[PDB]
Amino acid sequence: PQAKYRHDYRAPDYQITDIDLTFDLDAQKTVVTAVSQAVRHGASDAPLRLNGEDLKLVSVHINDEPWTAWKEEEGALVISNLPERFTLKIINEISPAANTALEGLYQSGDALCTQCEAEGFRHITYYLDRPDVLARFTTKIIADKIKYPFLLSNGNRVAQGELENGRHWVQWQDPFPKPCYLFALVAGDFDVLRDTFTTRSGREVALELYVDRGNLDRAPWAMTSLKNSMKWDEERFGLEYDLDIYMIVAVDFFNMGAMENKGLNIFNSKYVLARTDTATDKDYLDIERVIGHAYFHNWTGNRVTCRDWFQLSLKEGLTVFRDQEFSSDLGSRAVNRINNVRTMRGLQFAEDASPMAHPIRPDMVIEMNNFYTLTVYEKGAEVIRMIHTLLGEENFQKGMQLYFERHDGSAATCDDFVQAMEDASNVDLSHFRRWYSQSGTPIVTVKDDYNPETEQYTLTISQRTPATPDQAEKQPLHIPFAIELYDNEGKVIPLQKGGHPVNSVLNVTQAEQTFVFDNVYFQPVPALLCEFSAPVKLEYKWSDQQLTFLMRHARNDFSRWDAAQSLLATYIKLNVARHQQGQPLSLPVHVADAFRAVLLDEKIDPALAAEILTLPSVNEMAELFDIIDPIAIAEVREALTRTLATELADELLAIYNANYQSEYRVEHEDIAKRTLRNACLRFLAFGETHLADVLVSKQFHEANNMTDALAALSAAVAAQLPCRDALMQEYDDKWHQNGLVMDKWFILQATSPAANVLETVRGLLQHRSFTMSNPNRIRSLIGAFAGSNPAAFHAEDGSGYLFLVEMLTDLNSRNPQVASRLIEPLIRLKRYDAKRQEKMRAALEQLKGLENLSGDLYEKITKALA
């Protein structure tokens, strides 16, 4: 369609204060009756323009009068000649069973459910579908009681009835005014897990978790995580739940992960269901994080919502920041930080160099569903974490309090939030606001100097952001740049200047500046950008010895990991260059030694050891290069794995056996040891073949949990061990009837290093457990192939591109949101070599030419070809 621009925001000409919905539900034809109380604020001659998509209009009344002064345009009902106050009644029809895009009211198996964020409510009825219009909802649902015994919407059940012909109804009322993107409705038959939580101040909240019949056994962990979320929001932010009931529904057909609809969250069943033998540690920790996320939105999203969709990061940056803090408080703070930083440097940095690059507050949008992004979410959270770094926790909490005090019950902007932090804290964030408007990854370059005469250490720090496809003009940011200086014994040198302490978070606000530290009694080794204090690329000329020194002595665990990443980065680059010339891996002995030391150090948290022994993904590796050679990166990852496996064989085996655990528990210390153990297993799989096959075949068959079974099956696929096909067949035979469990298997198929992997993936389009109608299946087979198997996707013959093209040709008509996610690997063509660009550009040109090209794909394809 048309592009929308943030600078065109204007307050609406009309407001709706209250809406009274009735749904006469049927999967083929639902009848919606919508009675809205409305108020004109604009001019007497400005019509009311209601958004609407794929609605059949049955009638329109204004204060009970059949209205003649209206028309239908593309995506709208435009109503003229209105009074200043009136009751709008719309009756319209929709078809949930036809809805394959999973936006609006649609069917997930036998259940009916909604997804309204961002602009989905307009697929349900004609409305002011924009988030600065907030209204009190009342929702009456009528349905067949055999098919739809449970009828749910936001808030409290206020009314109930039985009708003739085996139909019944229920009515719901939510007292908190809300934007329509927070409306939900669910109808179906469910098992329900019921529990309670008592808030800090004494309010008893009924908790209800609705899952498909037969899954009540995969529900307790989710329930436990919801309670943990409620408690933690109380402890850390002082925020209590505000209603009497908290509902969560797990559905199998869902485009997002989870939707924070007020009092009635709707979740991808992936981020709900877990059993010891179906779900890994990471699934558990994911379920905790996503449950937390949806819950944290209750304040950062719902009680304070977004003025317009360009303000998405107001709620997402802040709510991701909150789910990261929650995971970090409850588990390992370092491991959380490490994985969030992996995602930043490996996926988000790629997005900010791509044709889809955008600031965390976008300036232009064609299809808003395209902006539910790594940038908006993860970079968003980094921006919030930077405010925290600048203010400290006490001031940050005061800013949170001021934000709620001012904006509770209304829609706000990114700028309102920054303003609350600034006013509450008395820290100036004027310059800081430039993080919201500027796209791309800044590059921070650092040079140092030690003067022994004066005992001064000088840092010369410079920054630039390169131009991005969306912005030609770039300016310097306010970069909180955290340092520590270590002496020759590993002790922290105190930071000072002119005889007074200096804060260790430097305000790097200029294109270039110099910081001078005094009483630096010994030439330091620095930890730069501590805890990834700003989302930037660091350019510093490290020696290997500086890096291994940091691995042994750095105070913060994250710095030890990060030092190690910098150590490996030099050698990854070296060996990618070697690969291109036909040369085998080269690696200095002392690099191997550094990793041996981590394996055998008995004092190191095993959580941390595991992360140091987890090599950068092919995605983190790709960001070290201007032009990406995806085949060299994959082969080098495998070769570096083989070489460390050979060098460290005896140490790896010892640590593998030492961390054996007979009991399975979902507890942070046990997860650490298991994670280290399975990191050792993965190297061992790439070692001596027989021993590998034995270890892996055995762990798979003996495992009492899916973490251990999958780590092994995954190693078997990756090293191409002899046991592979047999373990993979066993897994399929046992688990084919279970889609979430099979997703792991499809990911393994899709990411296999085998030579015929595409041929297998095509074949798996026919597999019993695959369906093009399910986003989860699609993402696990097709999406994993294109995103996570770059060597096969980028096969020289272009076969990966054409496969994706076929898939997208289907998905563009079926589910454009999923299509748009799957296209993302093809729009990175400018990172690749000429011959690859040529073939990727042709693929995009083929897709550009589809009849009924979705706006979702259109936005991306044209940016990519520009």
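Each residue number is its position in the shown sequence, starting from 1.
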| query | finding |
| --- | --- |
| Comparing 369-377 with 155-163, the one whose average Cα B-factor in the PDB entry is higher | 155-163 |
| 190-198 set against 593-601, stretch whose average Cα temperature factor tops the other in the entry | 593-601 |
| Of the residues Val78, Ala795, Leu391, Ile124, the one carrying the largest Cα B-factor as recorded | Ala795 |
| Which of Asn302, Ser566, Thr689, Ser439 ranks first by CA B-factor in the deposited coordinates | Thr689 |
| For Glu851, the third of its chain into which the C-alpha B factor falls | highest |
| Record-listed C-alpha B factor of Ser44: chain third | highest |
| Assigned third (lowest, middle, highest) for the C-alpha B factor of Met840 | highest |
| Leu829, C-alpha B-factor rank within chain (lowest, middle or highest third) | highest |
| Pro466 - Cα temperature factor, lowest/middle/highest third of chain | middle |
